[PDB]
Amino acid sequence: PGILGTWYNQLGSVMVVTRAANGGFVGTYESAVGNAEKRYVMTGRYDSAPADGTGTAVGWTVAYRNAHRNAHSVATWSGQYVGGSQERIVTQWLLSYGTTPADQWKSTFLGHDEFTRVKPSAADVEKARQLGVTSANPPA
C-alpha cells in the first residue's frame, strides 16, 4: 500500500502513516515538527483495490486532543492518493467544534490541503505561511 510513510504539506505539518493493511491505516499528525505537544493520533481507511489508472480514494480523522492540549475539535480529510513517480495526496478537510445548540451554525470550518513526499524548505514554508495559513491551526 502506497500511503505508508511520511507526508508533508507546504505550511510545516507532517503526517506519518505507521501501518496500512486491508483497507485501514493508522499513524500520527503533527501541525508542528518534532514536539510531543502538537502530535495527535490518526486513523483512516483507503481503497485496497483501486481501478486501473485512477488514484486511491482515502480518508482519515484526527481529534485535536493529547495529554497536553485539547482544542475541543476533530478534523476529517477526504480525497485521493496519486502514485506515479510524483506521489501526492489531494484532500478537502472539515474541522468541527463542539457547541451549544444556538452556535451549531458555526461548528464546522472547511478547507483544502495537499501533501507531498518532498519535505519543503524552511524558506518555502515561510513564504507559503506568509501568503496564508490554509491548514487547520486551532489554538488552545
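For every residue, the number given is its place in the sequence shown, counted from 1.
Asker: Which has higher Cα B-factors on average according to the PDB entry: 121 to 129 or 13 to 21?
Answerer: Per the PDB record, 121 to 129.
Asker: Going by the mean C-alpha B-factor recorded in the entry, which is higher: 103 to 111 or 28 to 36?
Answerer: So the stretch with the higher mean C-alpha B-factor is 28 to 36.
Asker: Check the PDB entry and point out which of 86, 76, 56, 91 has the largest C-alpha temperature factor.
Answerer: Highest CA B-factor of the listed options: 86.
Asker: Between 95, 82, 42, 67, which carries the biggest CA temperature factor in the record?
Answerer: Among 95, 82, 42, 67, the highest C-alpha B-factor in the entry belongs to 67.
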